[PDB]
Structures are given as structure tokens and as C-alpha cells.
Amino acid sequence: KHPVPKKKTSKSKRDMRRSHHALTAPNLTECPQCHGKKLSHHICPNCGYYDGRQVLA
Amino acid sequence: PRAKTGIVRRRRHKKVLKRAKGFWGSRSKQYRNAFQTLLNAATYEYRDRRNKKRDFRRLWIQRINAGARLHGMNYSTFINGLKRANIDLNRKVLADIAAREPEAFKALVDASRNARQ
Amino acid sequence: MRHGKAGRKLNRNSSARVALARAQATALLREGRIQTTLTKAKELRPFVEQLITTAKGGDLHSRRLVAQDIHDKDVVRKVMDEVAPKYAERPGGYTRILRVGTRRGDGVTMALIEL
Amino acid sequence: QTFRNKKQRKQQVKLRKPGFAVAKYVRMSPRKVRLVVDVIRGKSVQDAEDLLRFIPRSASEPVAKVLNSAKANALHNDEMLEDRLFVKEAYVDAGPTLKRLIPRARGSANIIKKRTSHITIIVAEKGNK
RNA sequence: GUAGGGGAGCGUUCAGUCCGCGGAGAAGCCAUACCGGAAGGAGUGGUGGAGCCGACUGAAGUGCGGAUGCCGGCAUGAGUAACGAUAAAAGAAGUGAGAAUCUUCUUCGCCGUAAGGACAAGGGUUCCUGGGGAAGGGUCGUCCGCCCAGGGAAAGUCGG
RNA sequence: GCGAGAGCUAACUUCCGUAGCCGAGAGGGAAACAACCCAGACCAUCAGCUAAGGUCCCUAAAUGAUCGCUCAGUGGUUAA
RNA sequence: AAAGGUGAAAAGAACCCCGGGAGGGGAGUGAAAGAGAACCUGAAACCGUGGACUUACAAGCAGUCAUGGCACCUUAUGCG
RNA sequence: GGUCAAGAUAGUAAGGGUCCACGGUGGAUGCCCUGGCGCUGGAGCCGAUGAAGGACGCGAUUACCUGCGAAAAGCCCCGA
Ligand SMILES: [Ca+2]
Ligand SMILES: [Ca+2]
Ligand SMILES: [Mg+2]
Ligand SMILES: [Mg+2]
Ligand SMILES: [Mg+2]
Ligand SMILES: [Mg+2]
Ligand SMILES: [Mg+2]
Ligand SMILES: [Mg+2]
Ligand SMILES: [Mg+2]
Ligand SMILES: [Mg+2]
Ligand SMILES: [Mg+2]
Ligand SMILES: [Mg+2]
Ligand SMILES: [Mg+2]
Ligand SMILES: [Mg+2]
Ligand SMILES: [Mg+2]
Ligand SMILES: [Mg+2]
Ligand SMILES: [Mg+2]
Ligand SMILES: [Mg+2]
Ligand SMILES: [Mg+2]
Ligand SMILES: [Mg+2]
Ligand SMILES: [Mg+2]
Ligand SMILES: [Mg+2]
Ligand SMILES: [Mg+2]
Ligand SMILES: [Mg+2]
Ligand SMILES: [Mg+2]
Ligand SMILES: [Mg+2]
Ligand SMILES: [Mg+2]
Ligand SMILES: [Mg+2]
Ligand SMILES: [Mg+2]
Ligand SMILES: [Mg+2]
Ligand SMILES: [Mg+2]
Ligand SMILES: [Mg+2]
Ligand SMILES: [Mg+2]
Ligand SMILES: [Mg+2]
Ligand SMILES: [Mg+2]
Ligand SMILES: [Mg+2]
Ligand SMILES: [Mg+2]
Ligand SMILES: [Mg+2]
Ligand SMILES: [Mg+2]
Ligand SMILES: [Mg+2]
Ligand SMILES: [Mg+2]
Ligand SMILES: [Mg+2]
Ligand SMILES: [Mg+2]
Ligand SMILES: [Mg+2]
Ligand SMILES: [Mg+2]
Ligand SMILES: [Mg+2]
Ligand SMILES: [Mg+2]
Ligand SMILES: [Mg+2]
Ligand SMILES: [Mg+2]
Ligand SMILES: [Mg+2]
Ligand SMILES: [Mg+2]
Ligand SMILES: [Mg+2]
Ligand SMILES: [Mg+2]
Ligand SMILES: [Mg+2]
Ligand SMILES: [Mg+2]
Ligand SMILES: [Mg+2]
Ligand SMILES: [Mg+2]
Ligand SMILES: [Mg+2]
Ligand SMILES: [Mg+2]
Ligand SMILES: [Mg+2]
Ligand SMILES: [Mg+2]
Ligand SMILES: [Mg+2]
Ligand SMILES: [Mg+2]
Ligand SMILES: [Mg+2]
Ligand SMILES: [Mg+2]
Ligand SMILES: [Mg+2]
Ligand SMILES: [Mg+2]
Ligand SMILES: [Mg+2]
Ligand SMILES: [Mg+2]
Ligand SMILES: [Mg+2]
Ligand SMILES: [Mg+2]
Ligand SMILES: [Mg+2]
Ligand SMILES: [Mg+2]
């Protein structure tokens with residue numbers, strides 16, 4: 001019992017694990033009603049529109 | 001009087017480390033693998049120098065019979081026939097004569113063949 | 001595997017995923033809209049939607065069926081006397097979801113369920 | 001243009017840091033903050049403000065407050081025009097490290113590393129090109 | 001050419017004497033393609049900001065890769081395992097820079113010879129009020145048994 | 001390797017004698033390979049000759065010359 | 001147990017800017033802030049950002065020697 | 001020149017490596033002294049008149065140290 005790693009990992013080999021840790025940028029879009037900032041199939045957080053006003057802000 | 005190690009050890013270590021250029025990994029950065037790699041590298045440098053003499057020997061020869069057989073005789077029945085042509089003795093890197101002037105290496109082929117008759 | 005199961009464990013046992021959907025249904029009808037995690041809103045929809053089709057019955061039987069899911073007599077009267085009659089034109093579209101932002105403690109997308 | 005020595009130059013010229021601000025000792029792990037900072041890097045400075053309100057990582061908050069400070073210094077102190085601005089450089093480095101013992105099974109402790117970050121951003125005009 | 005014997009030497013600190021150098025910049029540090037047969041030594045540049053080289057002689061806590069060696073720092077495992085009982089939680093309202101976590105309301109579930117209450121040992125301000133938010137809290141935190149300040153503790157008859 | 005005992009005329013066995021090598025011996029050969037074959041490395045050379053061992057291609061060098069032999073892949077695994 | 005060092009002098013940073021703060025950027029002081037209170041120097045391991053040359057049919061004690069390619073030119077146009 | 005065939009050969013880097021440049025971490029190295037070590041030499045007992053060592057207190061504001069003791073960071077006399 002008790003597996004434990006055998007040699008230390010090289011900086012090269014460990015950094016090439018992390019080859020897949022890249023965050024995906026949000027695909028943002030321009031609110032047609034507010035000024036800008038909006039996430040798709042969601043309300044515009046600033047003005048509250050989702051064709052007219054929804055949420056209070 | 002105390003006499004601590006200071007400045008001495010870093011200087012030595014830095015000279016070892018600087019011998020490590022594009023050594024891979026911790027070969028270039030940790031002193032202990034740098035120095036250890038250098039022990040084996042000593043082995044290689046000396047052996048190789050002696051060997052490089054014998055390696056260019058080989059490249060020499062391998063061009064010379066390629067030209068020789070281009071003229072219809074092998075290395076063996078050629079460097080024989082120059083030496084049997086005695087005073088003809090130019091020997092050192094006939095390779096280059098075969099590799100650049102063929103008008104000359106053809107004449108040396110004719111000389112060797114005349115000597116073997 | 002589950003090739004045709006319908007429904008959600010909500011990382012909850014049998015007793016709780018009902019007492020959830022009952023308690024959430026009581027609040028939607030008591031409030032018109034509520035804001036909750038996007039998933040609970042997706043499961044909350046058809047249960048509340050069926051429950052108001054029960055109340056579209058009018059008679060005492062439908063009232064007592066609604067009562068066995070909704071234990072606050074006031075909300076019972078609201079759905080029974082106010083809302084369901086308002087919807088009696090309405091082939092079942094009684095609920096929509098919008099989904100708002102994404103919160104900050106646990107990073108969960110959240111949403112509105114409304115009438 | 002060429003000075004007499006170095007004591008020379010320290011008097012005559014003062015080093016200054018156009019477009020640059022830094023948050024030191026931010027109490028977060030550098031490799032995390034690096035995930036989100038990499039999302040910023042080289043984007044037009046508006047997008048960077050735009051991307052950071054929707055990236056759902058906790059590090060977005062400290063990273064945005066640095067970016068605004070960089071935008072601010074480029075304008076107030078360095079008198080750049082802000083429709084040219086973009087993030088020329090951004091990069092996070094280690095800070096100190098708080099440590100605690102945390103008891104474990106059978107009696108042994110471990111040391112756990114609460115890591116900090118020096119998050120820095122450097123904006124410049126896109127009048128390169 | 002191993003143990004081993006022999007020879008000539010390099011570098012470090014301190015001491016004596018000499019030759020000197022230093023804010024127009026010293027030691028130390030950093031780069032480097034020069035030099036010597038080696039240990040090594042110089043040139044130039046960058047850094048530093050107050051001491052120091054060379055020669056001859058003397059004395060040593062004088063030369064590290066190892067010792068499951070010591071002290072310290074930092075890595076790998078890895079964004080992994082875990083986040084400490086399977087007694088659930090939901091909505092509205094509020095406060096705030098900021099809220100799944102703080103306050104309120106209304107429900108829900110859990111103990112009920114207890115997971116309610118009153119004492120003794122033991123602890124020592126943890127109590128209440130007003131503030132705070134570094135760290136402590138296994139997340140957050142506007143909250144806390146955490147931090148700051150101010151109050152609170154009453155005996156002829158209870159216990160000594 | 002040679003000469004012997006012990007052993008099964010076993011053993012990369014053990015114990016004496018004797019020479020050489022390794023031990024402390026780098027270099028070429030034996031595919032790889034302390035001991036076997038050649039040979040004992042003061043330093044440099046993009047010069048030449050040989051040793052053991054080699055000269056079809058990996059892989060430096062005769063697909064050498066003259067007589068034969070084996071048609072088994074013998075070569076490239078023992079015997080009655 | 002670990003223990004240290006702004007600057008000659010506190011002149012210890014008024015005021016402005018982003019930020020709840022923390023942190024920073026300016027302006028000032030000072031010879032120096034390339035000394036700012038996580039305050040002399042600041043090596044190495046370790047973490048990063050940028051650049052040159054490279055790498056997605058490869059078998060690798062990580063070198064060594066040989067030759068081509070591409071950069072570069074401050075003991076330096078070379079035996080670099 | 002355009003199709004068709006045959007053949008050869010470049011650039012992409014998800015991420016890596018060597019080098020360089022620039023920083024972060026961290027506290028070696030140099031310099032420094034407020035702190036030690038030793039030898040030499042002085043001096044060498046204190047207490048029932050309360051010792052050595054403590055406890056509690058004394059400040060406008062006082063947690064620590066220092067000094068002091070309800071006359072309590074001190075009171076009287078003398079000399080500088
Ligand atoms: Ca993961
Ligand atoms: Ca794993
Ligand atoms: Mg087992
Ligand atoms: Mg070799
Ligand atoms: Mg020859
Ligand atoms: Mg099953
Ligand atoms: Mg779960
Ligand atoms: Mg309402
Ligand atoms: Mg029906
Ligand atoms: Mg039902
Ligand atoms: Mg325990
Ligand atoms: Mg100088
Ligand atoms: Mg040097
Ligand atoms: Mg000075
Ligand atoms: Mg010693
Ligand atoms: Mg040793
Ligand atoms: Mg060691
Ligand atoms: Mg250790
Ligand atoms: Mg557990
Ligand atoms: Mg709640
Ligand atoms: Mg508000
Ligand atoms: Mg916050
Ligand atoms: Mg909870
Ligand atoms: Mg609570
Ligand atoms: Mg209310
Ligand atoms: Mg109780
Ligand atoms: Mg008590
Ligand atoms: Mg008490
Ligand atoms: Mg309380
Ligand atoms: Mg209270
Ligand atoms: Mg309180
Ligand atoms: Mg906090
Ligand atoms: Mg504080
Ligand atoms: Mg916390
Ligand atoms: Mg009474
Ligand atoms: Mg009594
Ligand atoms: Mg026998
Ligand atoms: Mg034997
Ligand atoms: Mg031996
Ligand atoms: Mg020998
Ligand atoms: Mg040999
Ligand atoms: Mg051999
Ligand atoms: Mg061989
Ligand atoms: Mg063999
Ligand atoms: Mg053998
Ligand atoms: Mg050997
Ligand atoms: Mg020959
Ligand atoms: Mg022969
Ligand atoms: Mg050949
Ligand atoms: Mg033949
Ligand atoms: Mg000072
Ligand atoms: Mg700050
Ligand atoms: Mg400030
Ligand atoms: Mg000035
Ligand atoms: Mg600075
Ligand atoms: Mg400094
Ligand atoms: Mg600070
Ligand atoms: Mg000084
Ligand atoms: Mg410093
Ligand atoms: Mg980078
Ligand atoms: Mg790079
Ligand atoms: Mg392939
Ligand atoms: Mg390829
Ligand atoms: Mg492989
Ligand atoms: Mg990439
Ligand atoms: Mg550090
Ligand atoms: Mg010094
Ligand atoms: Mg002293
Ligand atoms: Mg006393
Ligand atoms: Mg007092
Ligand atoms: Mg006291
Ligand atoms: Mg008195
Ligand atoms: Mg007086």
C-alpha cells in the first residue's frame with residue numbers, strides 16, 4: 001500500500017501538463033438597448049433589459 | 001582567528017556553473033549536476049580528440065575509393081599503386097584532390113595503374 | 001445509466017426534493033416571481049405549472065388536491081381564486097425563466113422564474 | 001545627453017514608470033491570478049475592463065482594481081489619451097508567504113502556505129502601429 | 001595508476017612592515033570571447049555607497065557533494081486529497097464598496113432523560129454596549145468565543 | 001591456461017602450486033562483455049606504418065587471385 | 001528559540017490621482033526615494049514577463065567531437 | 001501561361017528547450033556596532049536594624065522595562 005511519486009517532476013514536464021489550463025474568454029456582446037457589456041442568452045446587467053426591463057437595476 | 005568560507009565557495013561554484021552553457025535542465029543550474037556532468041564530459045573531450053584524428057582518417061578514405069572506383073579501381077589497388085609508384089607519396093588528404101579536381105585524380109589513377117603493370 | 005428517467009436528484013433524498021419543490025412553488029405563487037439557482041428553476045417549472053392546472057378545476061376536489069401540496073391556506077386561496085381563473089384562456093404557458101448573472105460565493109449562474 | 005558620472009545622473013534625471021501600477025501583497029495564489037491575468041494580456045484596455053466583469057474567477061476583482069489604477073496613472077500623471085490605451089504588459093509575481101500549522105491524523109502537523117501576489121499592469125498607447 | 005611515501009605550489013582570514021588606492025567612488029555583487037602548467041589571476045563595463053588592493057614575513061577556527069549530516073529558504077507531488085458526521089433547506093425584505101454565508105420575516109427538517117435547564121471542577125473577561133475587519137474562522141464575511149474601547153460582578157440569613 | 005586434492009573428471013564450487021591479466025589498466029578486437037586476443041595512455045596535429053582482428057550493406061578496407069569441398073542454411077547448438 | 005542596519009540630519013512624504021482599504025502613480029524633501037519605513041548591500045535555489053534560435057516519426061546518464069543553418073559583434077570579424 | 005501526372009521542399013506551436021534582457025521571491029556575501037569571549041589586575045561576603053529573591057502597588061494619561069515604596073519615577077542634609 002501507499003503509492004508515492006518516484007522522482008521529482010521536471011519543470012519542463014510539469015509545465016506541459018498545464019498546457020490545458022487556459023481560461024476561455026467570455027464571448028461578450030454589445031447590449032442593443034443599454035450601452036455595452038452583455039453575456040448572451042442572459043439579461044444585460046447594467047440596464048436590466050432582455051427586451052424590455054426585467055430585473056430592477 | 002576564524003576564517004569562514006565566504007566568497008571562496010561561490011567563486012568556485014560559479015566557474016563550474018559557467019562551464020555549463022546549453023546544458024539541459026538542472027545540468028545548467030544546480031552546481032552538483034553541473035560538476036558531475038563535467039566529470040563525464042572530461043572523459044568525452046579527451047577520448048574524442050584522439051578519435052577525431054581517426055575519424056577524419058575514415059572520411060578521407062571513404063571519399064578516395066569513391067573517386068577511385070569512379071575511375072574503375074578500388075582504394076586498395078590505388079593507394080598501393082601510388083606507393084608502388086614510390087616517389088609518389090602525396091598521401092595526406094588525397095581526398096580533396098579527388099573531390100575537387102577530377103582532371104588531376106584521373107591522372108593519378110593512370111599513374112597508379114601504370115605502376116601496377 | 002438512465003435512458004429515460006425524468007427528474008433530478010438535487011443532491012437531496014426523496015423526502016427533500018419534494019419538500020423543496022413544494023416550498024419553492026409556494027413562494028412563486030405567493031410572489032409572482034422569485035430568483036433562484038438556474039437548475040432549481042428548471043425543475044420548479046413543470047411542478048408549479050401542473051399545480052396551477054389542478055386549480056383550473058374550480059370545484060372542491062381541485063382545491064383539496066392543491067391543498068395537499070401547499071400548506072399555507074392563503075396562497076391556496078390566491079391560486080384557487082385569483083390566478084388560475086386569470087389563466088383560463090391559457091393553454092399552459094404559465095411560467096417563464098430568464099437567467100440573470102452569476103454569483104460570487106460559489107460562482108453559480110442564477111435565474112428568475114416568473115408568471 | 002552624456003553625463004559626467006552616475007552621481008551625475010541621479011541628480012539630473014529621475015526614473016519614472018509610465019502606465020504602470022502594482023498591487024503588492026494581494027492575498028491570493030499567483031498561479032490563479034495568472035490564469036485571469038493571461039486573459040487580459042495585450043487586449044485593448046476597454047476590453048480588459050469588459051472581460052474582467054464576466055470572468056467568474058475570484059481574482060478578477062483585485063486584477064481589475066489594478067487595471068483601473070494603470071488607466072488612471074496613464075491619464076492623470078502621464079497625460080496619455082485613453083482611446084489609444086491597451087495593456088502592453090501584465091504579470092504576477094510571488095509575494096511573501098504566510099504559514100500555519102494545521103493538525104493532521106495521528107499527531108503530525110503540516111505547514112500550509114497562504115500565498116500572496118504582486119499583480120502588476122502596464123498600459124501604453126496603441127500608437128505602436 | 002588505488003592505498004601509501006615524497007616534491008613544488010594556489011586561494012581565505014588575522015598580525016607586523018612596506019607601496020599605495022578610495023565620494024571624479026572602496027569592499028561585496030553581476031556579465032564577459034584575456035592571461036598562467038593547475039589551484040587561479042587581471043582588463044573593461046553594470047551595481048553599490050565606505051572602506052581596500054599588491055609585495056615580504058609570521059599565525060591559523062584556512063579550502064565540501066556527499067555524512068538517512070546541521071540551520072534556513074525554496075521546490076515536486078498539484079491546482080491534486082481534503083474542507084471534520086447524510087439533522088435538509090427555500091423564498092422575500094434589509095444593510096453594505098462588496099452577500100449562498102450578517103440582520104429581519106414567513107415556512108420547512110432535527111433533538112426533546114436532549115442535541116432543553118441548574119450546579120461542581122476547571123477556564124479567565126470569553127459576559128453586555130458601541131465600533132473594526134489584518135490575521136485567527138477549514139470558503140465568504142458587513143459576522144464571530146477574533147481585535148479596540150467603555151461598562152457589568154453588590155449578601156448578618158446561599159457556599160467557604 | 002597448465003599441475004593436483006576434495007566434488008559427479010558438476011559448478012561463475014572449494015583448497016594448494018605455477019604463469020599471466022583485473023585488482024590500480026585507459027586504447028583496438030571479441031555484436032554487448034574486469035579476467036580472453038593485440039597493446040601499457042607526458043601534452044598537441046583535419047600527417048604516415050602496423051598488431052590482434054578484418055575487407056558484400058549497416059561499418060574503415062579485395063563482390064581478391066588459384067586449386068578443390070559441402071546443396072545441409074551445414075556455416076549459425078551434444079552424443080551413444 | 002530566532003533575533004540586527006532609512007538618512008549626515010525626520011527634513012519621516014502637505015497636496016493631487018485609481019482604490020472600502022491594502023497597494024501604488026505623481027508633487028515635494030534629500031546628494032541619492034537607483035534611501036520610503038516589509039526602509040544598507042541583495043548571491044543562489046525557486047516563480048514569472050519579453051526577445052533570439054529552435055522543437056509535434058521521435059528510443060534519448062542528457063554530454064562530447066565533427067560539419068551545415070540562423071542570429072550577433074564592448075577582453076570581439078576570430079583558431080570568434 | 002492553364003489544367004493533369006510524378007517528385008521534392010517550406011512555414012503553423014498547444015506547449016517545451018538553450019541563451020539573452022528585465023523583474024519577483026529569499027537573505028548568503030561585503031561593511032558596521034549597541035553584543036559577546038579570554039587573559040591580566042583589582043576588589044570580595046550579605047542578613048532579626050528583615051538578606052538573597054519575589055508579590056502588590058506609586059504616573060494627568062501606563063501594557064512592558066527602569067526607579068521607588070502608602071511620605072511611594074520620590075522626601076531631607078552636604079559637596080561638585
Ligand atoms: Ca481540476
Ligand atoms: Ca494525481
Ligand atoms: Mg502489499
Ligand atoms: Mg567518447
Ligand atoms: Mg592513408
Ligand atoms: Mg446500479
Ligand atoms: Mg455535492
Ligand atoms: Mg414581491
Ligand atoms: Mg388535467
Ligand atoms: Mg403529486
Ligand atoms: Mg490530537
Ligand atoms: Mg566609482
Ligand atoms: Mg574574475
Ligand atoms: Mg556615506
Ligand atoms: Mg574546521
Ligand atoms: Mg567525497
Ligand atoms: Mg548536503
Ligand atoms: Mg531541510
Ligand atoms: Mg472525512
Ligand atoms: Mg437565507
Ligand atoms: Mg443599497
Ligand atoms: Mg473584498
Ligand atoms: Mg449551511
Ligand atoms: Mg448565523
Ligand atoms: Mg419584513
Ligand atoms: Mg445541558
Ligand atoms: Mg472558578
Ligand atoms: Mg470568576
Ligand atoms: Mg457576545
Ligand atoms: Mg449585540
Ligand atoms: Mg460586539
Ligand atoms: Mg477578513
Ligand atoms: Mg489591524
Ligand atoms: Mg477567511
Ligand atoms: Mg435583606
Ligand atoms: Mg456556612
Ligand atoms: Mg573424486
Ligand atoms: Mg571461485
Ligand atoms: Mg581493493
Ligand atoms: Mg596491472
Ligand atoms: Mg582495456
Ligand atoms: Mg575493450
Ligand atoms: Mg565495441
Ligand atoms: Mg561474446
Ligand atoms: Mg565476466
Ligand atoms: Mg575497466
Ligand atoms: Mg597501411
Ligand atoms: Mg595480419
Ligand atoms: Mg566499405
Ligand atoms: Mg569472392
Ligand atoms: Mg542609521
Ligand atoms: Mg497598500
Ligand atoms: Mg496610500
Ligand atoms: Mg532636488
Ligand atoms: Mg523604488
Ligand atoms: Mg536601496
Ligand atoms: Mg508597503
Ligand atoms: Mg550607510
Ligand atoms: Mg534592501
Ligand atoms: Mg511571458
Ligand atoms: Mg519565453
Ligand atoms: Mg508517425
Ligand atoms: Mg520532424
Ligand atoms: Mg519518449
Ligand atoms: Mg501559448
Ligand atoms: Mg523571498
Ligand atoms: Mg565590507
Ligand atoms: Mg565590547
Ligand atoms: Mg528586597
Ligand atoms: Mg503612580
Ligand atoms: Mg514593576
Ligand atoms: Mg507611614
Ligand atoms: Mg543640593
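Draft legend 1. Examining the overall build of chain B more closely. Counting its regular elements, chain B contains 5 helices and 0 strands. When its helices and strands are written in sequence order, chain B yields α-α-α-α-α. Since a compact globule built from 117 residues should have a radius of gyration of about 13 Å, the 26 Å found for chain B marks it as more spread out than a globular shape. Here the analysis covers contacts within chain B between residues at least 6 apart in sequence; of these, 44% occur between residues at least 24 apart.

Draft legend 2. Highlighting the protein's contact with RNA strand H. Neighbouring RNA strand H are 19 residues; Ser 12 of chain A, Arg 10, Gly 25 and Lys 29 of chain B together with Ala 94 of chain D lie closest to it. Across the atoms of RNA strand H situated within 4 Å of the protein, the share located in sugar and phosphate is 94%. Within the side chain of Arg 10 of chain B, a nitrogen or oxygen atom sits 2.8 Å from a sugar or linking oxygen of RNA strand H. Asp 93 of chain D has a polar side-chain atom sitting 3.3 Å from a base nitrogen of RNA strand H. Elements with a minimum of two residues in the surface near RNA strand H: α1 (11-17) of chain A together with β2 (85-103) of chain D.

Draft legend 3. How the structure looks around the interface of chain D and chain A. Facing the 10 residues of chain D at the interface are 10 residues of chain A. Of the roughly 940 Å² buried where chain D meets chain A, counting both sides, 75% is carbon and sulfur surface. Our count for the chain D to chain A interface comes out at 0 salt bridges. Between the two partners, chain D and chain A, sit 0 residue pairs in polar contact. Among the secondary structure elements, those contributing two or more residues to the side of chain D that touches chain A are α2 (30-40) and α3 (45-51) of chain D. Of the residues forming the side of chain D that touches chain A, the biggest block, 4 residues, is contributed by α2 of chain D. In the side of chain D that touches chain A, the residues fall into 6 nonpolar, no polar and 4 charged.

Draft legend 4. Quick look at the pairing of strand β3 (residues 109-125) of chain D. All names here are of chain D. Pairing of strand β1 (residues 20-26) with β3 involves 5 bridges; the strand directions are antiparallel. Along β3, the bridge assignment pairs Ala 21 with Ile 121. Here β2 runs beside β3; their pairing, made up of 16 bridges, is antiparallel. Residue pairing in the sheet places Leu 85 in a bridge with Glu 125 of β3. The hairpin formed by β2 and β3 contains 5 residues between the paired strands, and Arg 106 there has a positive phi angle of roughly 75°.

How each quantity is defined
- Residue positions are given from 1 per chain in written sequence order; they need not agree with the entry numbering, and residues without coordinates are hidden.
- Numbering of ligands from 1 and lettering of chains from A proceed in the order in which they are written.
- Any value reported refers to the chains on display, which are one part of a larger assembly.
- Just so you know, side-chain values use all the structure's heavy atoms and leave hydrogens and water out.
- Residues with missing side-chain atoms are left out of burial classes, side-chain pairs and their counts.
- Under the scheme used here, helices are H or I runs from DSSP no shorter than 4 residues and strands are E runs no shorter than 2 residues, and both carry numbers assigned from the N terminus.
- For this measure, only C-alpha atoms enter the radius of gyration; the expected value for a globule follows 2.2 Å times N^0.38, where N is the number of residues.
- Throughout, a residue-residue contact means that at least one pair of heavy atoms, one from each residue, lies within 4.5 Å.
- Here, proximity means that at least one heavy atom of the residue falls within 4 Å of the molecule or strand.
- N or O atoms within 3.5 Å of each other form a polar contact, as long as, within protein, one can give a hydrogen and the other can take it, and as long as residues adjacent in sequence are counted only when both atoms are side-chain atoms.
- Defined here as a combined quantity, buried area equals the accessible surface (1.4 Å probe) lost by two parts on assembly, summed across both.
- Criterion for a salt bridge: a side-chain nitrogen of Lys or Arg within 4 Å of a carboxyl oxygen of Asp or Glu.
- Here the term charged refers only to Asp, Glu, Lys and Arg, the term nonpolar to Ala, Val, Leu, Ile, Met, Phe, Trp, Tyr, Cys and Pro, and the term polar to all other amino acids, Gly among them.
- By definition, two strands form a pair when at least two bridges between them are found by DSSP.

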